[PDB]
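Student: part one of the complex, left exactly where it sits:
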Amino acid sequence: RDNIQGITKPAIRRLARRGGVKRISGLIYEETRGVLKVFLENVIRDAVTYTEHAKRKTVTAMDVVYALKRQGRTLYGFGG
Amino acid sequence: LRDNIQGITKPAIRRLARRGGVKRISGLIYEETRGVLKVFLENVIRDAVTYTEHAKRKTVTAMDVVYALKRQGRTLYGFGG
Amino acid sequence: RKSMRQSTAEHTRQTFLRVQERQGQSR
Amino acid sequence: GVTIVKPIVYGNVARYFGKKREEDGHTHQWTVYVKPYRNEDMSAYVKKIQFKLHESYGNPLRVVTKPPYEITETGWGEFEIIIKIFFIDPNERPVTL
């Protein structure tokens, strides 16, 4: 499938603008896609382990919140 | 007691920096290291004493320091008993 | 309660003053 | 109508080396200090104490931040030291000795 290119250069530039970045190197978009795909795969992998254990077929938002709290990255606003 | 942050000498800092890969050290970095170390020590010591005052004890045992380090994300092995 | 930290109480006072100044301009 | 009196003692000790040092020519060690007369913790109301020395030293304006406030140094001649005690409250005028 290979749809890691949905996170496009304009999107990475918007995320950099929000983060204060005011100039971005050319090879910063092929870096950020590898950095984001490792972070996603880690939080999804833990959300699918909290979903298999509950004998459920749909990854609910609670699974994502629990798996995100496992990494330390704590997000407020989705029932946890 | 008084003026004990000076008990961390210039060689004492230089050796620690050598173990960390640092080759050449600057002049002001010794004072920066003293400040950073002082802050870290004060936090750990405060949290350890939190386990002693609550325990009505007068001596800070090793388990108190181990737990204070754990709360700081600094799990230490060797003092667990 | 109205027993907040002094810096927070001062921030509330400063916010009332900021609102009053903003309205003093806008009005 | 509130008057608070805090007793303190300020001075200096000196030890003679027995001979003039060849490195810098100094003949005495000395420690200049402020300490309380009573057994009380000055740090509860003193922010810092500044000691201004004679202009012969690389830096004449020294600072101390915990009681018993003192500085240890070496020298060969006598001179007047200005001790400026600052209080925690910035609205209070520091004392000069």
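Tutor: Everything's here; your move. Residues are numbered from 1 along each chain as shown, chains lettered A, B, ... in the order given.
Student: for residue C:11, see how far away the residue in chain C that chain B sits nearest to is.
Tutor: Distance from chain B to each residue of chain C (C-beta to the nearest C-beta) is smallest for residue C:5, at 19.7 Å. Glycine gets a C-beta too; all of them are placed from N, C-alpha and C. Taken as C-beta to C-beta, to the nearest Å, the spacing of residue C:5 relative to residue C:11 amounts to 9 Å.
Student: which of those two has more neighbours?
Tutor: Neighbours of residue C:5 and residue C:11, each counted by other C-beta atoms under 10 Å in any protein chain shown, are more numerous for residue C:11; the result is 13 against 8.
Student: ok, residues contacting the strand or helix carrying that one?
Tutor: Using DSSP states H and E, residue C:11 falls within helix C:6-26. The set of residues external to helix C:6-26 that reach it, using C-beta atoms under 8 Å, 6 or more residues apart in numbering or on different chains, is residue C:4.
Student: off-centre distance for it?
Tutor: If you compare the mean C-alpha spot of helix C:6-26 with that of the full chain, they lie 3 Å apart, counting by C-alpha atoms, centre = their mean, to the nearest Å.
Student: mind listing what's buried in that helix?
Tutor: Buried residues in helix C:6-26, counted by 16 or more other C-beta atoms under 10 Å in any protein chain shown: none are found.
Student: how far away is the residue in chain D positioned nearest to chain B from residue B:37?
Tutor: Ranking the residues of chain D by distance to chain B (C-beta to the nearest C-beta) places residue D:66 first, at 5.2 Å. Taking C-beta to C-beta as the criterion, residue D:66 is separated from residue B:37 by 17 Å.
Student: now do the shared contacts for residue C:5 and residue C:11.
Tutor: In the contact map built from C-beta under 8 Å, 6+ apart, no residue is linked to both residue C:5 and residue C:11.
Student: need the three-state assignment for the nearest residue in space to residue D:33 that is not next to it in sequence.
Tutor: Using C-beta to C-beta, 6 or more residues apart in numbering or on different chains and skipping residues adjacent in sequence, the residue nearest residue D:33 is residue D:70, 3.6 Å away. When the structure is split into helix, strand and coil by DSSP: H, G, I helix; E, B strand; the rest coil, residue D:70 lands in strand.
Student: how about the contacts made by residue D:70?
Tutor: Shown here is residue D:70, whose contacts under the criterion C-beta under 8 Å, 6+ apart are B:2, D:31-35, D:64.
Student: need the max-distance pair from the residues you listed.
Tutor: In these, the most distant members under the criterion C-beta to C-beta are B:2 and D:32, with 14.2 Å between them.
Student: which of the two has more neighbours?
Tutor: A side-by-side neighbour count of residue B:2 and residue D:32, using other C-beta under 10 Å, places residue D:32 first with 20 against 11.
Student: sequence below should go in as chain E:
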Amino acid sequence: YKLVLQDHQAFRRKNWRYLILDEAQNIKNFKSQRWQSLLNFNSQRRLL
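Tutor: With chain E now in place:
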């Protein structure tokens, strides 16, 4: 029609005397979401 649906905040706030829809065929469904967009137009008269 198709660039009135994503530009409707601008048109609703106007006193239209006549609102005219050509080939009104395009407005078959009540649950259309452009039926709602055109319905919430202040218009004294309507012509299909």
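Student: dump the helix holding residue C:11 to CSV, keeping only the CA atoms.
Tutor: Below are the C-alpha coordinates for helix C:6-26, written out as CSV (Å, rounded to 0.1, in the frame of the first residue of the first chain):
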residue,chain,number,x,y,z
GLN,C,6,-0.6,35.3,45.2
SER,C,7,0.7,35.2,41.7
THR,C,8,-2.6,33.7,40.5
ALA,C,9,-4.6,36.3,42.4
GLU,C,10,-2.4,39.0,40.9
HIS,C,11,-3.0,37.5,37.4
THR,C,12,-6.8,37.8,38.1
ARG,C,13,-6.3,41.4,39.1
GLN,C,14,-4.2,42.0,36.0
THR,C,15,-6.8,40.3,33.8
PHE,C,16,-9.5,42.6,35.2
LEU,C,17,-7.3,45.6,34.5
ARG,C,18,-6.5,44.3,31.0
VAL,C,19,-10.2,43.8,30.2
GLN,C,20,-11.0,47.3,31.6
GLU,C,21,-8.2,48.8,29.4
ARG,C,22,-9.4,46.9,26.4
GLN,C,23,-12.9,48.2,26.9
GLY,C,24,-11.6,51.7,27.6
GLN,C,25,-10.2,51.6,24.1
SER,C,26,-13.0,49.7,22.3
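Student: and the nearest residue to residue E:29 once chain neighbours are set aside, how far from chain B?
Tutor: Using C-beta to C-beta, 6+ apart and skipping residues adjacent in sequence, the residue nearest residue E:29 is residue E:35, 6.1 Å away. As for residue E:35, its distance to chain B is 58 Å (criterion: C-beta to the nearest C-beta, to the nearest Å).
Student: can you tell me the centre-most residue of chain D?
Tutor: Closest residue to the average C-alpha location of chain D: residue D:33 at 4.0 Å, with C-alpha atoms, centre = their mean.
Student: that one falls within a strand, correct?
Tutor: Yes. Residue state for residue D:33 (three-state DSSP) corresponds to a strand.
Student: doesn't residue D:69 make contact with it?
Tutor: Yes. Under the criterion of C-beta atoms under 8 Å, residue D:33 makes contact with residue D:69 at 6.4 Å.
Student: quick one, strands of chain E?
Tutor: Listed in chain order, the strands found in chain E under DSSP state E are E:16-20, E:43-47.
Student: now do the strands in chain D.
Tutor: Chain-ordered strands for chain D, with DSSP E as the definition, fall at D:8-16, D:28-36, D:46-52, D:61-64, D:69-75, D:82-87, D:95-96.
Student: for whichever residue of chain A sits closest to chain B, give its distance to residue A:39.
Tutor: Closest approach between chain A and chain B, counting by C-beta to the nearest C-beta: residue A:72, at 9.4 Å. When C-beta to C-beta is the yardstick, residue A:72 and residue A:39 sit 12 Å from each other.
Student: sequence for chain F below, add it please:
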Amino acid sequence: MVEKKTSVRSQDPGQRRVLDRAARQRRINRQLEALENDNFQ
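Tutor: Adding chain F to the chains above:
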């Protein structure tokens, strides 16, 4: 009675981490010197 080796579970090779290349040489060398070695075994 029991199979009586799960208690010692010596190798348990889920983490085997093969030894190779220069290590082979070491072994070879060792064997050579052992064949060249002397009374004490």
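Student: and stretch A:56-75, how far out from the chain's middle?
Tutor: With C-alpha atoms, centre = their mean as the basis, the mean position of stretch A:56-75 lies at 11 Å from the chain mean.
Student: for that stretch, C-alpha coordinates in CSV please.
Tutor: Taking C-alpha atoms only, stretch A:56-75 is exported to CSV below (Å, rounded to 0.1, in the frame of the first residue of the first chain):
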residue,chain,number,x,y,z
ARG,A,56,-12.6,-6.7,20.5
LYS,A,57,-12.3,-6.1,16.8
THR,A,58,-12.3,-2.3,16.6
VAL,A,59,-9.4,-0.2,18.1
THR,A,60,-11.4,2.2,20.3
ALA,A,61,-10.1,5.6,21.4
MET,A,62,-9.6,4.2,24.9
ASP,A,63,-7.0,1.8,23.5
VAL,A,64,-5.2,4.6,21.8
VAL,A,65,-5.2,6.7,25.0
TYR,A,66,-3.9,3.7,27.1
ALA,A,67,-1.2,3.0,24.6
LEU,A,68,-0.2,6.6,24.5
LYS,A,69,0.0,6.8,28.3
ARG,A,70,2.3,3.7,28.1
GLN,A,71,4.8,5.7,26.0
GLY,A,72,4.7,8.6,28.4
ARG,A,73,3.0,10.8,25.8
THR,A,74,-0.2,11.7,27.6
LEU,A,75,-3.0,13.4,25.7
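Student: what's in contact with it?
Tutor: Residues external to stretch A:56-75 that are found in contact with it (C-beta under 8 Å, 6+ apart): A:42-51, A:54, A:78-80.
Student: just say helix, strand or coil for the residue most central in space within chain A.
Tutor: Ranked by distance to the mean C-alpha position of chain A (C-alpha atoms, centre = their mean), the top residue is residue A:40 at 3.8 Å. For residue A:40, the secondary-structure state derived from three-state DSSP is helix.
Student: do residue F:35 as well
Tutor: Secondary structure of residue F:35, reduced to three states by three-state DSSP: helix.
Student: now the farthest one out in chain E, which residue is it?
Tutor: Note on chain E: the largest C-alpha distance from the chain mean falls to residue E:31, namely 13.8 Å (C-alpha atoms, centre = their mean).
Student: for that one, give its distance to residue E:39.
Tutor: If you go by C-beta to C-beta, the gap between residue E:31 and residue E:39 works out to 12 Å.
Student: go on, residue A:5?
Tutor: For residue A:5, the distance to residue E:39 equals 41 Å [C-beta to C-beta].
Student: what's the answer for residue A:25, then?
Tutor: Applying C-beta to C-beta, the value for residue A:25 to residue E:39 is 51 Å.
Student: in chain E, what residue comes closest to chain B?
Tutor: Taking C-beta to the nearest C-beta, chain E has residue E:6 as its residue nearest chain B, at 49.6 Å.
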